[PDB]
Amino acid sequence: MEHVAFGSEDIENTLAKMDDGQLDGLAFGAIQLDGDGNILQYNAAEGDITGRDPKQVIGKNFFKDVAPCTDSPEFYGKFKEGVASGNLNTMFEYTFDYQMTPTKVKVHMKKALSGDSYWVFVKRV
């Protein structure tokens, strides 16, 4: 695989500019969003957790279209506050339940190093 742990302190440096192939080698789900919530990257581990096909969801809006169960103050609200502030680093558990068996996960959202994009990392709990 790639040798990176979920929740690592410098994860934004390690994954900076990472190509889609390399991202598919992580042990955990990884999604890169723009500030509106459009999906830029979506790795294989995430697709295994959620059932989504990665190439099919890239370009869709995560909160509007893919993941309406996250369109809430507890997930999207945290995301949008962090985009607005230009700073985000939060970890919380959540349940994904849209057109799927409900699945409890740990989520880590963190602003990417450069530019203005945002990671959503996911693992099972």
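Residue positions are given as counts along the sequence shown, with the first one as 1.
- For the pair 87 to 95 and 52 to 60, the mean Cα B-factor is higher in 52 to 60.
- Taking the PDB entry as given, 16 to 24 carries the higher mean Cα B factor of the two stretches 101 to 109 and 16 to 24.
- Sort the chain's modelled residues by C-alpha temperature factor and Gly77 lands in the middle third, per the entry.
- When the modelled residues of the chain are ordered by C-alpha B-factor, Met1 sits in the highest third.
- In the PDB entry, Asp34 places in the middle third of its chain by CA B-factor.
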